[PDB]
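Since the structure comes first, as structure tokens, the remarks are kept for the end.
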Amino acid sequence: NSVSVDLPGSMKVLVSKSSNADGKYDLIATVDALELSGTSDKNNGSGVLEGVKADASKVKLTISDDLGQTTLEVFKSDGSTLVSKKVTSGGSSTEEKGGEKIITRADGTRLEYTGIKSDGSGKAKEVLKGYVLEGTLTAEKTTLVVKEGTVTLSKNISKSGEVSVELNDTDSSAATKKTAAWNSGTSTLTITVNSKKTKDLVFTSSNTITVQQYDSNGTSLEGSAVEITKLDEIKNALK
């Protein structure tokens, strides 16, 4: 009979084996307790399905033509006002509700934006493996902050998605004050104390942070880089 098709977002759609008199294919899906149905002018599982929850909320599942993306939307009972929207593609998902956007990356790490206001500002949290970074959102950038002593480390995520990192230390003494330089080409923050490099912090494409010390000469790296697994270890890097 029908053919089962796996979809992004851990969903499945059943597509009719052959088309109706208008050339169209029937689509059926079950998401949790909810039955969805629709018709499509393609035979591969793409198209639009609709249903209605027990509380009368309208639901729409939209599957892109090449099956690369799903959009699951919930509306109020007249179907006009959007309540929630979840888009999944490329192994990542974005879930939006009033005042909130949750981005889940393919590796399970998350960006959580909450309390979002009409100027694009809000609270921000990055959920990594082993720890969480907290800060703020503006329409220009996300800023995540770690404080240790008189040092403040700030990880910035541009609106466009570019990562940069900065460090500021209010320490008065030049013998102990930390400064840092950011190398966008290697996503690396190099920390200096008393005119010698002390540590490289690498912000990897796998959404991890590693730390590696320099030799006492301040010019050569020593040992090997260690992946941060808890917030305590970021703080230790800032001492």
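Take any residue in the sequence shown, count from 1 to its spot, add 9: that is its number in my numbering.
Even for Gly, the Cβ is constructed at its ideal location relative to N, Cα and C.
For residue i, the residue or residues it bridges with in DSSP
i           : result
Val-155     : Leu-162
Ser-46      : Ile-37 and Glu-59
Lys-244     : Its beta-bridge partners do not exist; DSSP assigns none.
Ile-218     : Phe-212
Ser-193     : According to DSSP, which records beta bridges pairwise, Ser-193 is partnered with nothing at all.
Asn-177     : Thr-161
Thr-97      : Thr-79 and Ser-102
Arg-119     : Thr-113 and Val-136
residue 316 : The chain is shown from 10 up to 248; residue 316 falls before or after that span and cannot be answered.
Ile-72      : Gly-56 and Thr-79
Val-141     : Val-136
Assumed close pair residue i, residue j - CB separation to whole angstroms, cut-off 8 Å
i       : j       : result
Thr-201 : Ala-189 : 7 Å
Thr-185 : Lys-206 : Contact flag wrong, Cβ pair sits at about 15 Å.
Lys-94  : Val-155 : About 32 Å separates the two Cβ atoms, so there is no contact after all.
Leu-146 : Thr-79  : In fact, because the Cβ distance is near 26 Å, the residues do not count as touching under 8 Å.
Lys-168 : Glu-149 : 6 Å
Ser-66  : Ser-86  : 6 Å
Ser-98  : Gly-77  : 5 Å
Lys-239 : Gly-139 : 5 Å
Where residue i falls, given that 16 or more other Cβ within 10 Å makes a residue buried
i           : result
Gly-129     : exposed
residue 256 : Nothing about residue 256 can be reported from this structure: the residues present for the chain run from 10 to 248 only.
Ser-127     : exposed
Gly-108     : exposed
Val-141     : exposed
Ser-55      : buried
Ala-133     : buried
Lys-187     : buried
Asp-64      : exposed
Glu-171     : exposed
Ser-49      : buried
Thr-213     : exposed
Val-12      : exposed
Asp-209     : buried
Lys-164     : buried
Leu-198     : buried
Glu-231     : exposed
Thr-90      : exposed
C-beta atoms of residue i and residue j nearer than 8 Å
i       : j       : result
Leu-247 : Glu-135 : no
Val-160 : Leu-176 : yes
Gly-60  : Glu-44  : yes
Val-211 : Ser-196 : yes
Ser-173 : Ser-193 : yes
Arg-119 : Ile-125 : no
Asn-10  : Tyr-34  : no
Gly-131 : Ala-115 : no
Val-96  : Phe-84  : no
With three or more C-beta pairs closer than 8 Å as the rule, is the stretch 96-113 touching the stretch 22-30? no
Closer than 8 Å is the cut-off here; do at least three beta carbon pairs connect the stretch 33-43 with the stretch 62-74? yes
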